[PDB]
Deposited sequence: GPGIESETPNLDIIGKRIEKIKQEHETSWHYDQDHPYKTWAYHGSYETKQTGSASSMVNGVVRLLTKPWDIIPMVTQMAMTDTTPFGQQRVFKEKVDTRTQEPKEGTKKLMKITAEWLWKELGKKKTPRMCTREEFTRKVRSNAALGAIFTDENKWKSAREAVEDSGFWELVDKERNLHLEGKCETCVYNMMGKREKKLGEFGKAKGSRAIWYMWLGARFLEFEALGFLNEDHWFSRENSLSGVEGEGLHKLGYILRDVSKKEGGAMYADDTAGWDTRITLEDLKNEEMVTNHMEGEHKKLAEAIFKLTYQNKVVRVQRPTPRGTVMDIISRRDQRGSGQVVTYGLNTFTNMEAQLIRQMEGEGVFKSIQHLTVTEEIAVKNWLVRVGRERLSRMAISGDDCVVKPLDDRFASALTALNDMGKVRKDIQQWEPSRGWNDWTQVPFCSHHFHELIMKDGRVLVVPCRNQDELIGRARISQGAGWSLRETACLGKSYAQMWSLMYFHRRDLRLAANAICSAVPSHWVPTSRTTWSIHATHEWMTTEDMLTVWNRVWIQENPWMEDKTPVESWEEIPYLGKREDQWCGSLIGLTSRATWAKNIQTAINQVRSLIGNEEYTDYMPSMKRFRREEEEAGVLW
């Protein structure tokens, strides 16, 4: 309690000495509350005019148009302590999992140099405004690094002064760039050195890319066993227990010297004890604390979610296979059985899973897994939209399994070769491409963001008639040499000025380990579409009068956008499609 968080609390007390008051009408039940102080401030979604002018039929589709318009009483809930048997299962599994992940890796600190480079090419590290304008400026000023230095030496002393969260089924905890640096220095290696790659972790998909995920699910489907299970957790980040945070901290057992000490401080002082500031309209700032739940940087959150999800799913697999009988208590001989299972078949059981943070697909040895719920429920990983003790429903076909907001189609090229392609409802794709975030977008910057969406569609969603046509239209409407951009940056092969046919050949043929025949594709007409009925099932407007008029008159839409942008060098990509090729 207050000995680890007090210093942080004390410091804030003073910067607002004119405003401090222990409010008696505070709305917190599960968060420990400390005090309040005076503020008065808040980021709505803006429309991308380039993409909207080239997607006119979707102007009358509410599922698209409603996306651009516009629970914190789930952050304020509590998880129960798991039973002794559960805690033992988790500790044995976590110990074994860090050793496996460590066999072909070496923990190490990330550098000021590495951090500086990340900030100087716009990765969302969730920082705040103050003393310097942007992150770009703070990193070049040596005063910052003295602030970082002061904190760094405070952490080696086992104490914290400035590592405080700012709150804003989503909840994002921004920190000041300094606290973010120290998190990255100690734990950045998990992402920077690919601990959750499929090669390293067997269950993981870190860095794999949307073009690989379907091939990975088809490889899991080839294993002998039961249905494919894809159970979503209800508010995963809020169900992370203090026992979870303690098993995650065991990565420090593989560290040495300074690194070990810096990493122990991040886990102890910032993850297993937290200090947060929250906007309350009644407008004040509330200084609240709690020991459990996930509140880390988004990138460390991804890696530790993947770890604890891999652990939870191996234990659910152990329950289905009868490795242990009850979660109340692991006997002496059950412990040795669990250890022996892990050593004997643990790596095989990891390969039966695809795990992306809180998102999983599991192909267990058989369907006993469906009704193996005691460990999963007692660890607090309660399933979404199903009653606590109702057996999971599994999927019989890998092409129907949801994963990372997609499903996957098997698509045969006219030349016999097999593509496994990513897909989702087309209203979701079009609605997202019509949205920008933040202020001060020039017309050129708005055009370059539209071009980023268009090139992603050409590479990932070429098989959707409407998206291949709209992607060609946007790329024809934006000057040929203008560089695609984003403001928060899977593997993004579409972020390039290289010709998209050359990039398609590299991704889907040359570098595709599931494609034996490396014969290059010479034109977009060799690249197939879904069946027309399947395209309609997944949200295509093919067949509607609105869509026919849009396609027939597309040059008029392209020319409207070219007229707004002005007298620039453009390329016509529409003749890459059979119907515009005369």
Would you flag the ranges of the deposited sequence that the structure leaves without C-alpha positions?
1 to 9, 52 to 53, 82 to 91, 151 to 153, 193 to 207, 322 to 324, 532 to 535, 629 to 637
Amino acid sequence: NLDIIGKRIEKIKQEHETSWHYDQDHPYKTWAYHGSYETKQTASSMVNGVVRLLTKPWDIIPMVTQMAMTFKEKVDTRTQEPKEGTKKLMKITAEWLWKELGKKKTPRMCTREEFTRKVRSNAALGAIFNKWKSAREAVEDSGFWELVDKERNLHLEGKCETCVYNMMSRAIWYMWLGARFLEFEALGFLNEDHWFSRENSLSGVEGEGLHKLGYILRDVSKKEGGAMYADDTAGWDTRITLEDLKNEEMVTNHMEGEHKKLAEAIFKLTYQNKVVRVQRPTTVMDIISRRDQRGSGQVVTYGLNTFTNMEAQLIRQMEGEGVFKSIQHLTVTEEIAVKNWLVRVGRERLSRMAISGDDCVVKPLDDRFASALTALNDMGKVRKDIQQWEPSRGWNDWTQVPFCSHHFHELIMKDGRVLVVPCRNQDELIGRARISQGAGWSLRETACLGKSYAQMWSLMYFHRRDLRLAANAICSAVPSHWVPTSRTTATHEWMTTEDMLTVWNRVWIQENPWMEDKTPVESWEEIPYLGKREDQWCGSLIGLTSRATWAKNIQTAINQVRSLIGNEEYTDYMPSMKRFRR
From here on, numbers count along this sequence of modelled residues.
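Take the two forms, superpose them, and find the largest set of C-alpha atoms that agree within 1.5 Å; that set is the rigid core.
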Could you check whether 508 to 516 or 149 to 157 drifts more from the shown form in 9 other deposited structures of this protein, using RMS Cα distance once the core is superposed?
508 to 516
Outlying stretch relative to shown form, 542 to 550 versus 31 to 39 in 9 other deposited structures of this protein, C-alpha RMS (core):
542 to 550
Please confirm whether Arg170, modelled here, goes without coordinates in at least one third of the other compared entries that cover both its neighbours.
yes
Relative to the other PDB entries of this protein in the set, is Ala186 coordinate-less in at least a third?
no
523 to 531 versus 31 to 39: which one carries the higher mean Cα B factor per the record?
31 to 39
Which is higher in the entry, the mean Cα B factor of 157 to 165 or that of 364 to 372?
157 to 165
Criterion, highest CA B-factor; candidates, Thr93, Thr282, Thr106, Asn253:
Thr282
Among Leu342, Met318, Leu190, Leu147, the highest C-alpha B-factor in the PDB entry belongs to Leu147
In terms of the CA temperature factor given in the entry, to which third of its chain does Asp359 belong: lowest, middle or highest?
lowest
What third of the chain, by the recorded C-alpha B-factor, contains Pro391?
middle
CA B-factor placement of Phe267, once the chain's modelled residues are sorted into thirds
middle
Taking only the Cα B-factors deposited for this chain, tell me whether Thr556 sits in the lowest, middle or highest third.
lowest
Going by the recorded CA B-factors, say which third of the chain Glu568 sits in, lowest, middle or highest.
lowest
